[PDB]
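> one piece of my complex first, more on the way:
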Amino acid sequence: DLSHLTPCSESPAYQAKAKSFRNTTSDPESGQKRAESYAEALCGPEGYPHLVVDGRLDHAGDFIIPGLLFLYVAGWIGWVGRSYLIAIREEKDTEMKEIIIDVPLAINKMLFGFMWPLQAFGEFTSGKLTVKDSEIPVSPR
Amino acid sequence: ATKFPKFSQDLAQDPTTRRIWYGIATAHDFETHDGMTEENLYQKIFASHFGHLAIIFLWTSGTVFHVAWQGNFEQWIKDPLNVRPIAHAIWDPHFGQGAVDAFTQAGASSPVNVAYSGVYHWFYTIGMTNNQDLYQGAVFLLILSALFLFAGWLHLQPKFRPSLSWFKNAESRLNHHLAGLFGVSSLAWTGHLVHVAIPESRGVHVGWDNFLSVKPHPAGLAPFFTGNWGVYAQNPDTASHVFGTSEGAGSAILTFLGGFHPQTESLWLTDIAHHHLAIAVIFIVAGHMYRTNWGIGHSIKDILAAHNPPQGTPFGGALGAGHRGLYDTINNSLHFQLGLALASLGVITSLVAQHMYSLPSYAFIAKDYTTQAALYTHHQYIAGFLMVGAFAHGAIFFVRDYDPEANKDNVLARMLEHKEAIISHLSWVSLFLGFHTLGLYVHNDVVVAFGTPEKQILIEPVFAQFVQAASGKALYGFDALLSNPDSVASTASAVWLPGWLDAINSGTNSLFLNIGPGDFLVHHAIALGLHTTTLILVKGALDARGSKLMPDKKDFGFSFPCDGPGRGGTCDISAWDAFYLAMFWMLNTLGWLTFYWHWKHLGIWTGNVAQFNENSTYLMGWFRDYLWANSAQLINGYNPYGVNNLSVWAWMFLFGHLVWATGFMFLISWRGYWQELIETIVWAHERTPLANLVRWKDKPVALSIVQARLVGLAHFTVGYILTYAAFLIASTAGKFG
Amino acid sequence: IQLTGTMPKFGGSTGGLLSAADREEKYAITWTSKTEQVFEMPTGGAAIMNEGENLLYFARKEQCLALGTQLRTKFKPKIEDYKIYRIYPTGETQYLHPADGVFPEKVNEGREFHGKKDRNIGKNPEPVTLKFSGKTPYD
Amino acid sequence: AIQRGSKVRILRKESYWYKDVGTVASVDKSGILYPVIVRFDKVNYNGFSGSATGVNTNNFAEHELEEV
Amino acid sequence: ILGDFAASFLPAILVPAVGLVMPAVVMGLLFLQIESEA
Amino acid sequence: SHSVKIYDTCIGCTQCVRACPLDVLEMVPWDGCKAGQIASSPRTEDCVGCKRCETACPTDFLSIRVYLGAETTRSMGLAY
Amino acid sequence: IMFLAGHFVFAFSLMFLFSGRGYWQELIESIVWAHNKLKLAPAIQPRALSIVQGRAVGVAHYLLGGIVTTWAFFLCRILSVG
């Protein structure tokens, strides 16, 4: 239940720090906005917010939402890269547009890269995502 | 035509200085010696074992003899928390008056060294009281070392040289090593504990004169045979017991409280004796497992060949042929046995380091902080050495002892079949730890530097804190399986729990320390270090036989420089690159974890734990509050205004810096520059007058490529341990000294 | 035999023969040229190929063939008529580089198979087969 | 079945393109050990250090191949 | 400086023996061993 | 002395002999190649081990292969 | 921040300075198979940095990390005591 971690509003070390939060942007009340926004976290004896990473809810915003957001964005980047790499193979001049990127193909790969997990599941169930161990270069033992 | 080296004739006709350097380094590689058979190989290794055990026993005899002779074991047992233990005296012709005055310490009238190995606590705990009991132990260890030397000399004589079948008798060796080396020795240590150590902790002197007269229990050996063994746990030691004297003492020789002694802050000696008797019984039982001569038992080959999941099993034939081909692969190859031995020894040395700080077994050793620091760092660095050597000998086994015909489609062959899937996934987990550990450290550094430490990503290690709460810590409020008193584990017959629970829930010990956001990141740094060192080591062990750039890597052996600048460039491709590049990563990982241990324990011992708890989340707090802050009394060991007792530690600090930086010369600058330099020096010698009379017998050449990688590695390593041992010992001895 | 040759006009350098040339072995290169030109010694600096036939001494065979490569390539008269000898301090001379009289890159009858394996390099024995013997897996 | 232009997979373990598919440039009909010249899309490691070029063809035997 | 321990004159003999005398002996003997022919 | 071993995957391109700086290698006639010649290493006692021959070999793995063995005064390439 | 950054770059230099090309070529060979498994083979084949380029990267990182460290130390000392 994390009795050692108190909420930052009830913690009497966070309230001493929260007066002297510096402004980060040009907004004059940015320190006060940070102070009110970090009060819902858990603070230790230092008076600083802590993040609990075990997938629980009311602390899913620490890791689960940023983690799923990164997984979507990184899957977007990797899937668009893999799609471009596959698309530039079977047209007999691949190093030149590996080094000088074909922009009209890359734009069509990028803007249609939002549906990366559906295409990933389709290629996984279709077997066209993973190359079989026979048709692949392997170093000598 | 030079008699050195005798064992190698390729190096004997070497006309250069490489002959001496390579005769030094190939002296113990008996497998590549000229005219060496397996039958002579095993016997030479057997005799070298006896010589090495004699070296160990002579080193122990010298340690005990220097405690007895020029140490203070009489004065230290009176006040173990105030008197500094003396290792040995200093006789230096180079001392001035300032160094003699500074090193006249610990109540001595002579320049003496303060002991930081902490064998004083060990001797006081095991039953040593005066200097004569140490002197008789030193003399007995001298006799034991002479006995081992005579055994090693005897087993080189042709009458007593064992046959090859005796050396490869695995079943008998395992039986006598589990029953006798592990079980009889633990039973004998139980006998010493209940006969000497436990009564000497209770003020009853025993010695060699009274152990046949002083009976260890009031009911001596009568409850052992009847069966009512609880009589040996009827009257345990009171919490008001004072060590080394009879007030507050109990009478039971096998208690089972599981806590700490309230005075010495260590485990009970009766607990230690009960643990040793339990593991001696289990080790003797495990020693009665393999068949030797009497029909009953086990054969290892049948166990290995029967261990393969058949068809219809949910895993199926996933292991291929299973383990057939083992017990020939392992027993024929000495490097397989050596790698397994070094891996097991490195793991149990890591366990020794992680257990002697949290569960001290020696009297008043928890309150001698510098002894704890030296012991933890000393055992963890040796554990890293043993683990890297285990993987190095796995690489040696693959390059010169692995037979693909005998190991056909077994587990060992199928490791090599997907040998780079392991390397790719281990690279992935190394990058996954490294990018994000450095990202969180750099993020914390930047936001703390920008005046906003509340923008740090502070992560509470809830899994390890759940483990702490499951072991009985009520501080985190998990109420899980020992933290609440109404669990199925807590309401059991576990009678270790009244001692263990108030041993773990008291903050006066090192048992299950408070961990926070500064412990999460360092643990992931540690995981990065082990995963990356494993990546270099697995990568070089599995690519030892050959790979895509160099298919015939087994023809050149384990240790070769390169394969020329062709094929793109081939520097560090031998399986020796794994060892060479993983010594750096092992030393970096051990530096990370020993900095962790030292800074956390300095915060604990000083009483200000908040410094680590707020400053270890960013690397500038590490760099300032641990390195710069604790090097202050170190570097002031000698100043223009005088000399402290830490002047030798400041000198070792600078010495380690010098050796570590001299290693950079061998690691960065490479051979042909130095060969071109030595050619000019050779010209200058042969063309000057009055010095061309002096002619070299061997032609001076530069150090070879592998030799200089090894020399720079040895300099890096020796400088690393010397400067960190100096910093550690002076940092926690200038405060707690 | 006896090496009839005159030395190129060289000013003397420090990269030439050391003490081991008169005690272990030294090497010589003799070459005939129909014109006078300037060449670079592996010793260091530049010297003069005088008209006619030339004899130079070096401490290594590699210095002699580094000179012979400079005699073959990078010269317009295209000197190939060079011979390389080894002189031991006893006095024995061994004729080394154009043994058949033809350069080694050109095939010639009368040369036998040295170091030739009638097997693929991947089809080599494992070292575990050849344990505790003098034989190494490339034999 | 080995003819010029046929895509073929290498069975030499030590080759750079072991279990990789390349085209056949020429097959020699005289009695030589490695008559099948095979050219690949990728390039070998061969060359000096820093060289941006490498070889992409080699001779192979009949038993060192399989037709796809 | 002599110590209060028993036989304090033994550091004054053994330390120059093990630090100066026998390393000179060992380097001389090993030099003759590693540099002798045949 | 080093061991320069020439294997049967040799195309007879003579690049190893022209790349050799100490005349270790030469060409011998050979019926097993299209070029009609294979490399041989008669005076391999002069091999320093520079592996320029291994650099110039155009085979997928090198038909000429240098094994660094015992070190002599010619393998070290010492002018002194 | 620049003091710690220069310490990082000085330590980062020694990976290129101490190691050699043939380790990293084999490690990249292990990564190429994992890319080949998921149809991620690049057209431009990944090679390790050449030996001269490995030395150049190591010495450039060494000089950069040391010089940035000394710049940061000098300037922060002299902007506080001067």
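Nice, I can see it. Residues are numbered from 1 along each chain as shown, chains lettered A, B, ... in the order given.
> The residue of chain G at minimum distance from chain D: what's it in contact with?
Chain D sits closest to residue G:50 of chain G, with a gap of 4.1 Å, by Cβ to the nearest Cβ. Using the backbone N, CA and C atoms, a C-beta is placed for each residue, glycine as well. Shown in contact with residue G:50 (Cβ atoms under 8 Å, 6 or more residues apart in numbering or on different chains): B:568-569, D:49-50, G:21.
> cutoff 7 Å now
B:569, D:49-50, G:21 (Cβ atoms under 7 Å, 6 or more residues apart in numbering or on different chains).
> Any idea how many residues pack against the spatially closest residue to it that is not a sequence neighbour?
Counting by Cβ to Cβ, 6 or more residues apart in numbering or on different chains, the nearest residue to residue G:50 once its immediate chain neighbours are dropped is residue D:50, at 4.1 Å. A count of neighbours around residue D:50, defined by other Cβ atoms under 10 Å in any protein chain shown, yields 13.
> could you say which helix or strand contains residue D:50?
For residue D:50, there is no enclosing helix or strand under DSSP states H and E.
> thought it was touching residue G:52?
Yes. Between residue D:50 and residue G:52 a contact is recorded at 6.1 Å, counting by Cβ atoms under 7 Å.
> What parts of chain B come near chain F?
Contact residues, chain B versus chain F (Cβ under 7 Å from any Cβ of the partner chain): B:10, B:13-16, B:18, B:551, B:555-556, B:563-566, B:682, B:699, B:701.
> For the residue most central in space within chain D, name its beta-bridge partners.
Taking Cα atoms, centre = their mean, the centroid of chain D lies closest to residue D:38, which sits 3.4 Å from it. Beta-bridge partners recorded for residue D:38 (DSSP bridges): residue D:24, residue D:58.
> I figured residue A:41 was touching residue A:49, is that so?
Yes. Under the criterion of Cβ under 7 Å, residue A:41 makes contact with residue A:49 at 3.6 Å.
> Who has more neighbours out of these two?
The residue with more neighbours, out of residue A:41 and residue A:49, is residue A:49; 25 against 22, by other Cβ under 10 Å.
> quick one: contacts for the more buried one?
Residue A:49 makes contact with A:8, A:38, A:41-43, B:454, B:458, according to Cβ under 7 Å, 6+ apart.
> For PyMOL, write the selection for the buried entries among those.
Buried members of the contacts of residue A:49, defined by 16 or more other Cβ atoms under 10 Å in any protein chain shown, are picked up in PyMOL with:
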select buried, (chain A and resi 8+38+41+42+43) or (chain B and resi 454+458)
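> include chain H as well:
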Amino acid sequence: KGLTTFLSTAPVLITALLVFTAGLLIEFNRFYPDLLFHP
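Putting chain H onto the chains we already have gives this:
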């Protein structure tokens, strides 16, 4: 016509991508600063 091929090279496009990504992150941390976690 040859200029668009130069702008389609790897360094120019990776620089444009990194400047666009850094600008997007900087414009996000200006308008919505100090987001340690999702509320």
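> back to the contacts of residue A:49, now that we've got chain H?
The contact partners of residue A:49, by Cβ under 7 Å, 6+ apart, come to A:8, A:38, A:41-43, B:454, B:458, H:36.
> Likewise for residue B:65?
Residues near residue B:65 by Cβ under 7 Å, 6+ apart: residue B:138.
> now swap in residue B:145 and tell me
B:54, B:57-58, B:61 are the contacts of residue B:145 under Cβ under 7 Å, 6+ apart.
> picking that back up, filter the contacts of residue A:49 down to just the ones in strands.
Among the contacts of residue A:49, the members falling in strands (DSSP state E) are A:42-43, B:458.
> Just the closest of these to chain G, please.
Chain G lies nearest to residue B:458 out of the ones in strands among the contacts of residue A:49, by Cβ to the nearest Cβ, at 19.3 Å.
> isn't that closest one right up against residue B:614?
No. At 9.6 Å, residue B:458 and residue B:614 do not qualify as touching, with contact defined as Cβ under 7 Å.
> what residues does chain A put near chain D?
By Cβ under 7 Å from any Cβ, the residues of chain A that approach chain D are A:134, A:136-138, A:140.
> and if you look at chain C?
C:121-122.
> what's the following helix or strand after the helix or strand hosting residue B:399?
Assigned by DSSP H and E, residue B:399 belongs to helix B:369-400. For helix B:369-400, the following helix or strand on the C-terminal side (DSSP H and E) is helix B:411-417.
> Please see if the helix or strand just after that next one touches chain D.
Next helix or strand after helix B:411-417 toward the C-terminus (DSSP H and E): helix B:419-449. No. Judged by Cβ under 7 Å from any Cβ, helix B:419-449 and chain D are separated, with a smallest distance of 13.1 Å.
> Packing partners of helix B:419-449?
Packed against helix B:419-449, as judged by 3 or more Cβ pairs under 7 Å, 6 or more residues apart in numbering or on different chains; DSSP states H and E, are the following elements: helix B:517-542, helix B:619-622, helix G:21-37.
> Mind checking these for the one nearest to chain H?
Using Cβ to the nearest Cβ as the measure, helix B:517-542 is the one of these that comes nearest chain H, at 12.7 Å.
> Please identify the next secondary structure element, helix or strand, after the closest one.
With DSSP H and E setting the assignment, the helix or strand that follows helix B:517-542 is helix B:576-606.
> I would like the residues contacting the next helix or strand after that next one, please.
Next along the chain after helix B:576-606, taking DSSP H and E as the criterion, comes helix B:610-615. Around helix B:610-615, the neighbours that count as contacts under Cβ under 7 Å, 6+ apart are A:46, B:516, B:518, B:599-600, B:603, B:621, B:625.
> can you add chain I next? sequence is:
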Amino acid sequence: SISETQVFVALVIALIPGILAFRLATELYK
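Same chains as before, plus chain I:
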């Protein structure tokens, strides 16, 4: 503390592994 004679006794005891280490090292050489 130990006596002065005990140090010389331990030294001449230590000559027994002193000789036997020399005997093992020469036979390990052979």
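> Once more for the contacts of residue A:49, now including chain I?
Contacts for residue A:49 (Cβ under 7 Å, 6+ apart) come out as A:8, A:38, A:41-43, B:454, B:458, H:36.
> okay, those residues in CSV with distance to chain G next?
Output for the contacts of residue A:49, formatted as CSV (distance: Cβ to the nearest Cβ, whole Å):
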residue, distance to chain G
A:8, 27
A:38, 23
A:41, 25
A:42, 28
A:43, 26
B:454, 18
B:458, 19
H:36, 20
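> With distance to residue B:42 as extra columns, can I get those in JSON lines?
Output for these, formatted as JSON lines (distance: Cβ to Cβ, whole Å):
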{"residue": "A:8", "distance to residue B:42": "68"}
{"residue": "A:38", "distance to residue B:42": "68"}
{"residue": "A:41", "distance to residue B:42": "65"}
{"residue": "A:42", "distance to residue B:42": "62"}
{"residue": "A:43", "distance to residue B:42": "65"}
{"residue": "B:454", "distance to residue B:42": "65"}
{"residue": "B:458", "distance to residue B:42": "57"}
{"residue": "H:36", "distance to residue B:42": "63"}
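> Confirm that residue B:182 lies within a helix, as I assumed.
Yes. Per DSSP: H, G, I helix; E, B strand; the rest coil, residue B:182 lies within a helix segment.
> count of residues packed around residue E:25?
11.
> returning to that earlier point: next one: the helix holding residue B:399 to chain centre, how far?
Relative to the centre of its chain, helix B:369-400 is centred 5 Å away, using Cα atoms, centre = their mean, to the nearest Å.
> Of all the residues in chain G, which one is nearest chain I?
Among residues of chain G, the one nearest chain I by Cβ to the nearest Cβ turns out to be residue G:18. It sits 36.1 Å away.
> scratch that, chain D is what I was asking about
Counting by Cβ to the nearest Cβ, chain D gets nearest chain I through residue D:14, at 41.7 Å.
> what residues are up against that residue?
Taking Cβ under 7 Å, 6+ apart, we find residue D:14 in contact with A:140, B:551, C:121-122, F:61.
> and if we set it to 6 Å?
Going by Cβ atoms under 6 Å, 6 or more residues apart in numbering or on different chains, residue D:14 touches A:140, B:551, C:122, F:61.
> Excluding chain neighbours, give the residue nearest to the last one in space.
The shortest distance from residue F:61 to any residue other than its chain neighbours is 4.5 Å, reached at residue D:14 (Cβ to Cβ, 6+ apart).
> swap in the third one?
If you skip the residues right next to it in sequence, residue C:122 has residue D:14 as its closest partner in space, 4.0 Å away by Cβ to Cβ, 6+ apart.
> Many thanks, have a good one.
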